[PDB]
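One structure is given below, encoded as structure tokens.
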Amino acid sequence: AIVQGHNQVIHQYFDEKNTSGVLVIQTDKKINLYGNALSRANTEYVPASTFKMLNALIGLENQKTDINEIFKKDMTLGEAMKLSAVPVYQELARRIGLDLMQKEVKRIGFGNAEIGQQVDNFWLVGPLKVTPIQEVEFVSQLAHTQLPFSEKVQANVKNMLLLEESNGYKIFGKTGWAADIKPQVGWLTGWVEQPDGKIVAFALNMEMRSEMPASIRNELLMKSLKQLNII
Ligand SMILES: *C(=O)[C@H]([C@@H](C)O)[C@H]1C[C@@H](SCC/N=C\N)C(C(=O)O)=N1
């Protein structure tokens, strides 16, 4: 059920950036693998900023914040979803607390579900790790309102993840970059809502280097989605 797709062209997209990457695509429970390092799909990596999605779900579900709260630029949880915003989501993680965080991460079963003893950095340097296949499954469940959280909480977090609209397609997702571990890990995890309402989920995972532009992840994602006729 998890197979290499028609990967002739996309393999070369990653080769031209001289790095190792995988793109996982999930349609209705069919998963296909693309890129030039397909073994990455079942390899565990720190989630980095992609964990903000689950942090937000947990914080909103447990009424540790709400979508209108202004965190002292002064900004909301949703505004902070796009930005670096280490202070907002670190503050939210401290409000949740280590015990509730570990309980929720175990209930969701996210990755290896281990968060250690420091509630405000376990997603960046370990010990929490997750595979790209696990990330695409998680975000597919979010997109379909199938996670075990309030429907309204899931809708509110989805609304924070809109990256852009084009020609009737909506692209939702979340970037991550673990720059302080070696090798560095880059993420772009999300989904496409096609004009007729169909959902196609993706998880891009690649080795980063410090000279790369952050936009390299979106660049590779968009050219691959176009080649696959997903957009
Ligand atoms: C999450 O992955 C990042 C922080 C919150 O941990 C957040 C910030 C930027 S990375 C900043 C450094 N750039 C290169 N080393 C980011 C991202 O671009 O995905 N996410």
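Data table
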read-out: Top-ranked residue in segment 83-112 [being more than 16 Å from the ligand (Cβ to nearest atom) and of a type in the set (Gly, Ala, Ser); ranked as surrounded by the fewest Cβ atoms within 10 Å (Cβ to Cβ)]; value: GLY109
read-out: Residues being within 12 Å of the ligand (Cβ to nearest atom), closer than 19 Å to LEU124 by Cα and in a loop (DSSP other than H, G, I, E, B) - total across segment 183-211; value: 2
read-out: Residue within segment 57-66 that is among the charged types (D, E, K, R), surrounded by 14 or more Cβ atoms within 10 Å (Cβ to Cβ) and over 16 Å from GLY173 (Cα atoms) present; value: yes
read-out: Cross-chain or 6+ apart pairs with Cβ under 6 Å, segment 204-227 first and under 11 Å from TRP177 (Cα atoms), then in a helix (DSSP H, G or I) and more than 10 Å from the ligand (Cβ to nearest atom); value: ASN205/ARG40; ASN205/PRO132
read-out: Which numbered condition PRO148 misses (of (1) in contact with a strand residue (DSSP E or B) (Cβ under 9 Å, 6 or more places away or on another chain); (2) in a loop (DSSP other than H, G, I, E, B)); value: (1)
read-out: Verdict on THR43 being within 14 Å of the ligand (Cβ to nearest atom) and under 21 Å from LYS182 (Cβ atoms); value: no
read-out: Matching residues in segment 164-182 - criterion: being surrounded by 12 or more Cβ atoms within 10 Å (Cβ to Cβ) and either part of a helix (DSSP H, G or I) or over 12 Å from the mean Cα position of the chain (by Cα) (or both); value: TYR169, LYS170, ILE171, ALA178, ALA179, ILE181
read-out: Selected residue [within 15 Å of the ligand (Cβ to nearest atom) and at negative phi] from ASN156, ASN121; value: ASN121
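Rule-based calculations on the coordinates, nothing more; no lab input. Cβ: placed from backbone, ideal geometry, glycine included. Neighbour counts: every protein chain shown.
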